[PDB]
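Notes to accompany the following structure.
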Amino acid sequence: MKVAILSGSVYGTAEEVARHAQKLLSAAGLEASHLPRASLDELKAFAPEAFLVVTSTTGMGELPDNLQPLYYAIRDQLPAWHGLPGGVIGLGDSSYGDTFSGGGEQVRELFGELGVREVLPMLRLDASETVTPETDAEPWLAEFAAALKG
């Protein structure tokens with residue numbers, strides 16, 4: 001089962017979470033790949049059977065520059081990914097006021113528009129409560145793999 005792992009990151013934190021996710025899901029036997037700065041061409045070639053998106057939110061409450069263009073491309077083209085399983089990890093900070101993971105929510109909305117089935121609730125990782133987001137994502141990732149396998 002091919003799992004496309006997408007990331008949105010300003011300073012690399014969500015990207016490191018995504019890379020961690022790739023190793024864990026691959027360890028579980030999934031054909032998981034992290035595709036940073038992926039294009040529609042790359043996803044088409046990959047032919048994903050599942051999606052994991054790991055994204056922060058910018059200070060302006062938008063998806064980061066390395067996920068926003070792809071987001072718009074997917075929304076505009078709407079590939080026939082209806083029914084495929086998906087999950088979202090949202091990196092926020094309640095200190096800043098991003099208590100909800102804005103970028104993450106926008107991805108959830110895109111899943112709805114595509115017909116991608118959210119298999120787990122979004123993981124909300126908050127900098128005001130953790131400094132080890134990779135490690136903290138592990139229990140959710142364990143359940144996520146179970147949802148795919150599964």
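Residues are named by chain letter and number: chains run A, B, ... in the order of the structure tokens, numbers start at 1 in each chain, and ligands are numbered from 1 in the order shown.
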Neighbouring residues of residue 17 (chain A) were defined as those with any atom within 9 Å, considering only C-alpha atoms; residues of the same chain fewer than 6 positions away were excluded. Please report them as a PyMOL selection string. chain A and resi 7+54+89+133-135+137
Restricting it to N, CA and C atoms, dump the selection as a compact mmCIF listing (two decimals), in the first residue's frame.
```
# COMPACT_ATOMS: atom_id res chain seq x y z
N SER A 7 4.02 17.48 3.28
CA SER A 7 4.36 18.34 4.42
C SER A 7 4.25 19.82 4.07
N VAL A 54 1.23 16.49 6.94
CA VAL A 54 1.75 17.05 8.19
C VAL A 54 2.07 18.51 7.93
N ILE A 89 -1.79 15.55 10.49
CA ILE A 89 -1.11 16.02 11.70
C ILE A 89 -0.94 17.53 11.57
N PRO A 133 7.89 17.07 19.03
CA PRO A 133 6.70 16.70 18.25
C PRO A 133 6.83 15.36 17.51
N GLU A 134 8.05 15.00 17.10
CA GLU A 134 8.28 13.71 16.41
C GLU A 134 7.89 12.53 17.29
N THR A 135 8.40 12.55 18.52
CA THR A 135 8.16 11.51 19.51
C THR A 135 6.68 11.50 19.92
N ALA A 137 4.16 12.29 18.21
CA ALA A 137 3.31 11.79 17.12
C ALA A 137 3.25 10.27 17.05
```
Show me, as a ChimeraX atom specification, the residues that have an atom within 10 Å of region 35-49 of chain A when counting only C-alpha atoms, minus same-chain residues fewer than 5 positions from it. /A:1-9,15,18-19,22,65-71,73-74,77,79,81,83-86,148
Can I get the selection written as a short mmCIF file (atom, residue, chain, number, x, y, z; two decimals), in the first residue's frame, with N, CA and C atoms?
```
data_model
loop_
_atom_site.label_atom_id
_atom_site.label_comp_id
_atom_site.auth_asym_id
_atom_site.auth_seq_id
_atom_site.Cartn_x
_atom_site.Cartn_y
_atom_site.Cartn_z
N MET A 1 0.85 -1.22 0.00
CA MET A 1 0.00 0.00 0.00
C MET A 1 0.87 1.25 0.00
N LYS A 2 0.70 2.07 -1.04
CA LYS A 2 1.49 3.28 -1.20
C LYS A 2 0.85 4.41 -0.41
N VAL A 3 1.66 5.04 0.44
CA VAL A 3 1.21 6.16 1.26
C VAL A 3 2.02 7.40 0.89
N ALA A 4 1.34 8.43 0.41
CA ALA A 4 2.00 9.71 0.11
C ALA A 4 2.00 10.55 1.37
N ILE A 5 3.19 10.94 1.82
CA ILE A 5 3.30 11.81 2.99
C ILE A 5 3.68 13.20 2.51
N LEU A 6 2.79 14.17 2.71
CA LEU A 6 3.00 15.54 2.27
C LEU A 6 3.28 16.39 3.48
N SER A 7 4.02 17.48 3.28
CA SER A 7 4.36 18.34 4.42
C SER A 7 4.25 19.82 4.07
N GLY A 8 3.86 20.61 5.06
CA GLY A 8 3.89 22.07 4.95
C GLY A 8 4.67 22.59 6.14
N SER A 9 5.74 23.34 5.88
CA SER A 9 6.65 23.75 6.95
C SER A 9 7.36 25.06 6.62
N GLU A 15 8.27 19.15 8.59
CA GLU A 15 8.99 18.31 7.64
C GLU A 15 9.72 17.18 8.36
N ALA A 18 7.22 14.62 9.40
CA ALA A 18 6.84 13.84 8.22
C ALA A 18 7.89 12.78 7.86
N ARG A 19 9.16 13.16 7.98
CA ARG A 19 10.21 12.20 7.72
C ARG A 19 10.21 11.09 8.77
N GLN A 22 7.49 8.74 7.87
CA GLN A 22 7.90 7.87 6.77
C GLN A 22 8.65 6.65 7.31
N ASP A 65 4.39 28.13 2.47
CA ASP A 65 4.74 28.31 1.05
C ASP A 65 5.13 27.03 0.32
N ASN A 66 5.64 26.04 1.04
CA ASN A 66 6.02 24.77 0.41
C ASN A 66 4.89 23.74 0.32
N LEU A 67 3.57 24.06 0.93
CA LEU A 67 2.38 23.22 0.77
C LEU A 67 1.22 23.97 0.10
N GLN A 68 1.21 25.30 0.16
CA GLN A 68 0.07 26.06 -0.35
C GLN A 68 -0.15 25.95 -1.88
N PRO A 69 0.93 26.06 -2.69
CA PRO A 69 0.72 25.91 -4.14
C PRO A 69 0.15 24.56 -4.53
N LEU A 70 0.62 23.49 -3.89
CA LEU A 70 0.15 22.14 -4.18
C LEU A 70 -1.30 21.99 -3.75
N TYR A 71 -1.61 22.53 -2.58
CA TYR A 71 -2.97 22.60 -2.08
C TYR A 71 -3.92 23.19 -3.12
N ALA A 73 -3.39 23.48 -6.35
CA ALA A 73 -3.35 22.62 -7.53
C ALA A 73 -4.29 21.42 -7.38
N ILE A 74 -4.24 20.78 -6.20
CA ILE A 74 -5.12 19.66 -5.90
C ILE A 74 -6.60 20.09 -5.89
N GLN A 77 -7.78 20.76 -9.58
CA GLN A 77 -7.80 19.61 -10.48
C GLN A 77 -8.68 18.48 -9.98
N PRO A 79 -8.30 15.34 -8.37
CA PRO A 79 -8.01 13.98 -8.82
C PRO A 79 -8.95 12.98 -8.17
N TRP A 81 -9.43 10.74 -6.16
CA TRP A 81 -8.93 10.08 -4.96
C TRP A 81 -10.05 9.81 -3.95
N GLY A 83 -12.60 8.14 -1.66
CA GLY A 83 -12.60 6.84 -0.99
C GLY A 83 -11.28 6.39 -0.38
N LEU A 84 -10.19 7.02 -0.77
CA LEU A 84 -8.88 6.72 -0.24
C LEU A 84 -8.81 7.20 1.21
N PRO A 85 -8.07 6.50 2.05
CA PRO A 85 -7.89 6.87 3.45
C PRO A 85 -6.88 8.01 3.61
N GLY A 86 -7.10 8.85 4.62
CA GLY A 86 -6.21 9.98 4.87
C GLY A 86 -6.17 10.34 6.34
N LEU A 148 -4.74 1.87 7.99
CA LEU A 148 -4.42 1.64 6.59
C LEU A 148 -4.39 0.17 6.22
#
```
Every residue of chain A that DSSP places in helix (DSSP H, G or I), as a count of residues only: 61
What are the closest atom pairs, with distances in Å to one decimal, for all residues of region 29-56 of chain A lying within 10 Å of region 94-111 of chain A? Consider only C-alpha atoms, order rows by chain and residue number, and present the result as JSON lines.
```
{"residue": "A:51", "atom": "CA", "partner": "A:111", "partner_atom": "CA", "distance": 9.4}
{"residue": "A:53", "atom": "CA", "partner": "A:107", "partner_atom": "CA", "distance": 7.6}
{"residue": "A:54", "atom": "CA", "partner": "A:104", "partner_atom": "CA", "distance": 7.6}
{"residue": "A:55", "atom": "CA", "partner": "A:104", "partner_atom": "CA", "distance": 6.1}
{"residue": "A:56", "atom": "CA", "partner": "A:103", "partner_atom": "CA", "distance": 6.0}
```
From a backbone DSSP assignment, name each residue in region 18-140 of chain A labelled strand (DSSP E), as a VMD selection string. chain A and resid 31 to 34 50 to 55 85 to 92 117 to 118 123 to 126
With N, CA and C atoms retained, export the selected residues as a PDB file, in the first residue's frame.
```pdb
ATOM      1  N   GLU A  31       4.378   1.037   2.051  1.00  0.00           N
ATOM      2  CA  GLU A  31       5.223   1.713   1.061  1.00  0.00           C
ATOM      3  C   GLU A  31       5.045   3.226   1.194  1.00  0.00           C
ATOM      4  N   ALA A  32       5.567   3.725   2.231  1.00  0.00           N
ATOM      5  CA  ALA A  32       5.373   5.137   2.552  1.00  0.00           C
ATOM      6  C   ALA A  32       6.538   5.986   2.051  1.00  0.00           C
ATOM      7  N   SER A  33       6.224   7.113   1.415  1.00  0.00           N
ATOM      8  CA  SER A  33       7.249   8.062   0.971  1.00  0.00           C
ATOM      9  C   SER A  33       6.887   9.482   1.364  1.00  0.00           C
ATOM     10  N   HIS A  34       7.869  10.196   1.902  1.00  0.00           N
ATOM     11  CA  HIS A  34       7.739  11.626   2.134  1.00  0.00           C
ATOM     12  C   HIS A  34       8.084  12.361   0.845  1.00  0.00           C
ATOM     13  N   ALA A  50      -3.158   6.130  -0.135  1.00  0.00           N
ATOM     14  CA  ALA A  50      -3.442   6.736   1.171  1.00  0.00           C
ATOM     15  C   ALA A  50      -2.656   8.030   1.294  1.00  0.00           C
ATOM     16  N   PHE A  51      -3.129   8.931   2.153  1.00  0.00           N
ATOM     17  CA  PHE A  51      -2.485  10.228   2.354  1.00  0.00           C
ATOM     18  C   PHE A  51      -2.241  10.496   3.823  1.00  0.00           C
ATOM     19  N   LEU A  52      -1.066  11.024   4.123  1.00  0.00           N
ATOM     20  CA  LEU A  52      -0.790  11.641   5.412  1.00  0.00           C
ATOM     21  C   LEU A  52      -0.263  13.034   5.117  1.00  0.00           C
ATOM     22  N   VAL A  53      -0.868  14.058   5.704  1.00  0.00           N
ATOM     23  CA  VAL A  53      -0.391  15.417   5.526  1.00  0.00           C
ATOM     24  C   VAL A  53       0.020  15.976   6.871  1.00  0.00           C
ATOM     25  N   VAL A  54       1.231  16.492   6.941  1.00  0.00           N
ATOM     26  CA  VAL A  54       1.746  17.053   8.193  1.00  0.00           C
ATOM     27  C   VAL A  54       2.073  18.511   7.929  1.00  0.00           C
ATOM     28  N   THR A  55       1.358  19.418   8.589  1.00  0.00           N
ATOM     29  CA  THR A  55       1.519  20.838   8.271  1.00  0.00           C
ATOM     30  C   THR A  55       1.410  21.744   9.478  1.00  0.00           C
ATOM     31  N   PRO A  85      -8.065   6.495   2.049  1.00  0.00           N
ATOM     32  CA  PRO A  85      -7.889   6.869   3.451  1.00  0.00           C
ATOM     33  C   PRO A  85      -6.881   8.006   3.614  1.00  0.00           C
ATOM     34  N   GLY A  86      -7.100   8.849   4.618  1.00  0.00           N
ATOM     35  CA  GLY A  86      -6.215   9.976   4.870  1.00  0.00           C
ATOM     36  C   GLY A  86      -6.171  10.336   6.339  1.00  0.00           C
ATOM     37  N   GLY A  87      -5.103  11.014   6.739  1.00  0.00           N
ATOM     38  CA  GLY A  87      -4.988  11.539   8.104  1.00  0.00           C
ATOM     39  C   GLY A  87      -4.181  12.821   8.077  1.00  0.00           C
ATOM     40  N   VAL A  88      -4.393  13.673   9.079  1.00  0.00           N
ATOM     41  CA  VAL A  88      -3.725  14.969   9.157  1.00  0.00           C
ATOM     42  C   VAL A  88      -3.040  15.100  10.507  1.00  0.00           C
ATOM     43  N   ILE A  89      -1.786  15.555  10.487  1.00  0.00           N
ATOM     44  CA  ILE A  89      -1.105  16.015  11.697  1.00  0.00           C
ATOM     45  C   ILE A  89      -0.943  17.530  11.574  1.00  0.00           C
ATOM     46  N   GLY A  90      -1.510  18.262  12.530  1.00  0.00           N
ATOM     47  CA  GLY A  90      -1.449  19.727  12.535  1.00  0.00           C
ATOM     48  C   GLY A  90      -0.533  20.220  13.637  1.00  0.00           C
ATOM     49  N   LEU A  91       0.505  20.961  13.254  1.00  0.00           N
ATOM     50  CA  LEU A  91       1.404  21.578  14.223  1.00  0.00           C
ATOM     51  C   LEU A  91       0.936  22.998  14.445  1.00  0.00           C
ATOM     52  N   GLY A  92       0.519  23.303  15.665  1.00  0.00           N
ATOM     53  CA  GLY A  92       0.093  24.665  15.986  1.00  0.00           C
ATOM     54  C   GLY A  92       0.831  25.212  17.186  1.00  0.00           C
ATOM     55  N   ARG A 117     -11.288   9.812   2.896  1.00  0.00           N
ATOM     56  CA  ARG A 117     -11.865   9.427   4.184  1.00  0.00           C
ATOM     57  C   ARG A 117     -10.843   9.604   5.298  1.00  0.00           C
ATOM     58  N   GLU A 118     -11.154  10.496   6.234  1.00  0.00           N
ATOM     59  CA  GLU A 118     -10.305  10.719   7.392  1.00  0.00           C
ATOM     60  C   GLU A 118     -10.411   9.518   8.334  1.00  0.00           C
ATOM     61  N   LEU A 123      -4.300  14.868  14.460  1.00  0.00           N
ATOM     62  CA  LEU A 123      -3.417  15.028  15.612  1.00  0.00           C
ATOM     63  C   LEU A 123      -3.036  16.492  15.744  1.00  0.00           C
ATOM     64  N   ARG A 124      -3.334  17.065  16.904  1.00  0.00           N
ATOM     65  CA  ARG A 124      -3.029  18.466  17.148  1.00  0.00           C
ATOM     66  C   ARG A 124      -1.791  18.527  18.033  1.00  0.00           C
ATOM     67  N   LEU A 125      -0.674  18.945  17.447  1.00  0.00           N
ATOM     68  CA  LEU A 125       0.588  19.071  18.173  1.00  0.00           C
ATOM     69  C   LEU A 125       0.889  20.528  18.480  1.00  0.00           C
ATOM     70  N   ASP A 126       0.964  20.877  19.753  1.00  0.00           N
ATOM     71  CA  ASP A 126       1.004  22.251  20.198  1.00  0.00           C
ATOM     72  C   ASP A 126       2.350  22.536  20.765  1.00  0.00           C
TER      73      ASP A 126
END
```
So, with only C-alpha atoms as the atoms that count, which of A:119, A:30, A:14, A:21 lies closest to residue 149 (chain A)?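 Using only C-alpha atoms, residue 149 (chain A) sits closest to A:30.
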